[PDB]
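Participant: Below is the structure I would like to discuss, written out as structure tokens.
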Amino acid sequence: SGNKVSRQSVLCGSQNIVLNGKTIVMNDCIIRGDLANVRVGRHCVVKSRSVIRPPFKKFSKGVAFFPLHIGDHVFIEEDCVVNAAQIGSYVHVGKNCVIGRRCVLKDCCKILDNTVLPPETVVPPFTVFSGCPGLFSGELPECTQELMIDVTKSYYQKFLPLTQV
Amino acid sequence: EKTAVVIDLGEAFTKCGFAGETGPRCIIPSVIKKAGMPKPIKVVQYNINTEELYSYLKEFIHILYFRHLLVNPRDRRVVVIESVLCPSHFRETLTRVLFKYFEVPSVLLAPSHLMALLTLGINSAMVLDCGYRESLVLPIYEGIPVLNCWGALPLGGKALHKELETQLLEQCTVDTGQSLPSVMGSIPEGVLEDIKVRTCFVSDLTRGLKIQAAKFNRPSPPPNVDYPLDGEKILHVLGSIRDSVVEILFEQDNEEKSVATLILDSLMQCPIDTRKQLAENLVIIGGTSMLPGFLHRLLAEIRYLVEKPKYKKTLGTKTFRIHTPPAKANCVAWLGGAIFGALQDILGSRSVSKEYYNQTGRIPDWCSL
Amino acid sequence: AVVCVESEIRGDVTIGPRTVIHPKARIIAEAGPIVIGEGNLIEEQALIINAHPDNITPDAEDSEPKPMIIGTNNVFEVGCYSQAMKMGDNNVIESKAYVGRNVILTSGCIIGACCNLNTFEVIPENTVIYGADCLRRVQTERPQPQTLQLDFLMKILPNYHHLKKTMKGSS
Ligand SMILES: Nc1ncnc2c1ncn2[C@@H]1O[C@H](COP(=O)(O)OP(=O)(O)O)[C@@H](O)[C@H]1O
């Protein structure tokens, strides 16, 4: 209802998605999370050119990557070709991001620009793991990160109204 | 009982860890981390601003503690390993940092050569430090360094990088995808370090003589492998430059001042009694000392300069022998400072206390009062 | 093969069996007939190209008349394009691989993330490149063209098989 999403998106399995109100999705984000479930929350956001596919089958012979997960008031910039990333509350991805398979990116995280996380690359909380390969670049603040994520949810619900119908 | 953090600086790579720990826990370079910094400025710099070095040392030692030490700088001692002849302003800046921002219990600006001697356990030897900036010889006899006998040469790792930069810039055969020389006006130091360690090597004494004959009217060993480079800017190193790089390190140029000649010069200024004991105890520390064939060519150069008719009549037949430290030559001095830091008996009285520095400000150094 | 309705193809592309093209599989094989392989999985956001036109302008006797091909177990992932990659047996292309023009991809090809393929470079077998380290010939035998990297590719292909049946059933 409140999630005033765009109209030029792409996905399959209408019930497999999970996007609560006050969210803001963008166009061209071909998220084919049809087979496995796609989990998200309220006031979250994503951007264009981000084909966030789901993790895996979730029911293979041995182990298999589960459906999906996302957090509230999070943000995923442009060209975020993410895959299999359980996002916590107040997470913040960057432009041209690459989420590795089976990555439980904890709360208050901060991805970088063109960062290629490897498969099964766990990211700590309030620690901006970045670089080309996996590398704990620096330590991100707590208060400023929570305020920035709340401001992100605010700007996402205060800009999505125009040019999206 | 508390431990002792043994901090060792360096213009290229800093070494740090705890006391008693065989080998440091981490060897991080002297680079920094700052936004809008295309090239991280080195922390160990000389003849520059005071407050800038104060801030650089604060942030570098801070990130050093909080990233490779995992301990608050108040519960354990600090033994700052600094080589001798270090500039007084640099030492005063280190002391200001450690006593005004971190407030450690006691610092100890201990020399490098002395603890390098402590690693072997013996009390007397000749120590050749092939550091990054310059080479340094400091004879130690009965635990006391013969400070008037010294020697320095700007033929450390920096001279090797300067040599590799100029020579590879000349024969810059970067293939397309054929020569393409001087594509970039300057190349960085990381690729140059990788060329030093992974591709360059120390030649032989006879091979060095062949290079000397090749200087003016042949380079006998030709092995080479095309060193890659990102962005498909694949270059091709030469089979002779991998020899010439060490040849300039062991060059004399009618001044009789090579890396190996510095030990003989300091041995000449040493007293008559100390001569044979320093000849029977030779220690080679430093980072440049980890090159393949460096010690063999070094000892061969020493013995080749023994019968030289300028140093023979005062030295003559001697028994030169190099010791083998129980740690890597690039990190020997740190292990000596580690064994010294693991000695909590007199270090509480040997090191400079915090109270004395706060109420005095004077730092002990070999200067009057 | 899973000829998905969302899989946007273009031109005469005489595909092969088991070439499951996923949704939003934008491609182009008109100026060069790209034949698909047997045992791959064309994922989302891909970009198959054929005969780089006159925008780049090949002013070197343009008389190409050559079609692209594919191989077995060479599943290309999302983000990565396909600029006429003459692949072979089990040459997987991971996320965001900038596919190059003349790269004869042999077996055991693990196209790492953000690895711009080298134009006019004969991609030999058994070589996996590093991510930040471009052209890293690391794992010369670990990433072996047969029984090691191809075995790992056939092992990753099992999830692709279950996904092939699942996508054929979900559609
Ligand atoms: N494994 C190695 N093999 C060969 N050379 C090395 C190796 N590690 C470091 N070096 C050389 O050692 C130098 C570092 O010396 P360093 O101990 O930093 O000098 P300083 O005494 O000023 O700290 C570098 O210039 C590098 O060329």
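Letters for chains follow the order of the structure tokens (A, B, ...), residue numbers begin at 1 for each chain, and ligand numbers begin at 1 in the order shown.
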Would you give me, as a ChimeraX atom specification, the residues of chain A that come within 12 Å of chain B, using only C-alpha atoms?

Facilitator: /A:136-139

Participant: Please build the interface table for chain C against chain A with a cut-off of 8 Å, listing for each qualifying residue the nearest atom pair and the distance in Å to one decimal; count only C-alpha atoms, order rows by chain and increasing number, and write it as a tab-separated table.

Facilitator:
residue	atom	partner	partner_atom	distance
C:23	CA	A:32	CA	7.2
C:24	CA	A:30	CA	7.1
C:44	CA	A:51	CA	7.6
C:45	CA	A:51	CA	7.0
C:78	CA	A:81	CA	7.8
C:79	CA	A:81	CA	6.8
C:95	CA	A:98	CA	7.8
C:96	CA	A:81	CA	7.9
C:113	CA	A:116	CA	7.0
C:131	CA	A:133	CA	7.0
C:132	CA	A:132	CA	5.9
C:159	CA	A:57	CA	7.1
C:162	CA	A:57	CA	7.7
C:163	CA	A:57	CA	6.8
C:166	CA	A:35	CA	7.6
C:167	CA	A:35	CA	7.7
C:170	CA	A:35	CA	7.3

Participant: Return as a count of residues only the residues belonging to chain B that are within 9 Å of chain C, counting only C-alpha atoms.

Facilitator: 6

Participant: Give the helix (DSSP H, G or I) residues of segment 6-167 of chain C, as assigned by DSSP on the backbone, as a PyMOL selection string.

Facilitator: chain C and resi 149-167

Participant: Keeping only C-alpha atoms, take the residues you just selected and write them out as a CSV table (one decimal), in the first residue's frame.

Facilitator:
chain,number,residue,atom,x,y,z
C,149,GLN,CA,37.3,-27.1,-12.2
C,150,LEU,CA,35.1,-28.9,-14.7
C,151,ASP,CA,34.1,-31.3,-11.9
C,152,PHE,CA,33.3,-28.3,-9.7
C,153,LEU,CA,31.3,-26.8,-12.7
C,154,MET,CA,29.3,-30.0,-13.0
C,155,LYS,CA,28.7,-29.9,-9.3
C,156,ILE,CA,27.4,-26.3,-9.5
C,157,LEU,CA,25.4,-27.5,-12.6
C,158,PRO,CA,23.4,-29.8,-10.2
C,159,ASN,CA,21.8,-26.8,-8.6
C,160,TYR,CA,21.3,-25.5,-12.2
C,161,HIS,CA,19.6,-28.8,-13.0
C,162,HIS,CA,17.2,-28.6,-10.1
C,163,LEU,CA,16.7,-25.0,-11.0
C,164,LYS,CA,16.1,-26.0,-14.7
C,165,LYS,CA,13.3,-28.3,-13.8
C,166,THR,CA,12.0,-25.8,-11.2
C,167,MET,CA,12.0,-22.9,-13.7

Participant: Which residues are near ligand 1 in this structure, taking near to mean any atom at most 8 Å from a ligand atom and counting only C-alpha atoms and all ligand atoms? Format them as a ChimeraX atom specification.

Facilitator: /B:8-14,29,83,129-134,156-158,160-161,193,196-197,286-292,330-331

Participant: Considering only C-alpha atoms, state which residue in the set B:361, B:341, B:325, B:38 is at the smallest distance from residue 127 of chain B.

Facilitator: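 Smallest separation from residue 127 of chain B among the options: B:325.
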
Participant: Find the residues near residue 251 of chain B: any atom within 10 Å, counting only C-alpha atoms, skip ones fewer than 3 places away on the same chain, and give them as a list in words.

Facilitator: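 Contacts, with the query itself left out: residues 155, 208, 212, 244, 246, 247, 248, 254, 255, 256, 257, 258, 259, 260 and 261 of chain B.
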
Participant: What's around segment 314-322 of chain B at 10 Å? Count only C-alpha atoms, leave out sequence neighbours fewer than 2 positions away in its own chain, and write the answer as a ChimeraX atom specification.

Facilitator: /B:125-126,264,267-268,272,275-284,295,299,302-303,306-312,324-325

Participant: Write out as a list in words which residues come within 8 Å of residue 43 of chain B when counting only C-alpha atoms, dropping same-chain ones fewer than 6 positions away.

Facilitator: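 Near neighbours after the sequence-gap exclusion: residues 11, 30, 31, 32, 53, 56, 57 and 60 of chain B.
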
Participant: For N, CA, C and O atoms, I'd like the residues from the last selection saved as a short mmCIF file (atom, residue, chain, number, x, y, z; two decimals), in the first residue's frame.

Facilitator:
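Saved the output as part_17.cif:
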data_model
loop_
_atom_site.label_atom_id
_atom_site.label_comp_id
_atom_site.auth_asym_id
_atom_site.auth_seq_id
_atom_site.Cartn_x
_atom_site.Cartn_y
_atom_site.Cartn_z
N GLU B 11 61.10 3.18 7.62
CA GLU B 11 60.51 3.96 6.55
C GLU B 11 59.70 3.09 5.59
O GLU B 11 58.77 3.58 4.95
N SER B 30 54.73 1.45 6.53
CA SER B 30 54.71 2.80 7.08
C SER B 30 53.72 3.72 6.37
O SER B 30 53.85 4.94 6.47
N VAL B 31 52.75 3.17 5.65
CA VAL B 31 51.75 3.94 4.93
C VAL B 31 50.66 4.39 5.88
O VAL B 31 50.60 3.96 7.04
N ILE B 32 49.78 5.28 5.40
CA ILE B 32 48.68 5.80 6.20
C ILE B 32 47.36 5.42 5.53
O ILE B 32 47.34 4.74 4.50
N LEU B 53 53.95 15.76 11.75
CA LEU B 53 54.47 14.47 12.19
C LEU B 53 53.80 14.03 13.48
O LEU B 53 53.63 12.83 13.70
N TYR B 56 50.53 12.57 12.30
CA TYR B 56 50.79 11.33 11.56
C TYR B 56 51.13 10.20 12.52
O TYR B 56 50.63 9.08 12.38
N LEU B 57 52.00 10.49 13.49
CA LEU B 57 52.39 9.49 14.48
C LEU B 57 51.21 9.12 15.36
O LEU B 57 51.05 7.94 15.71
N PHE B 60 48.88 6.89 13.11
CA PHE B 60 49.51 5.61 12.76
C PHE B 60 49.68 4.71 13.97
O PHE B 60 49.37 3.51 13.89
#
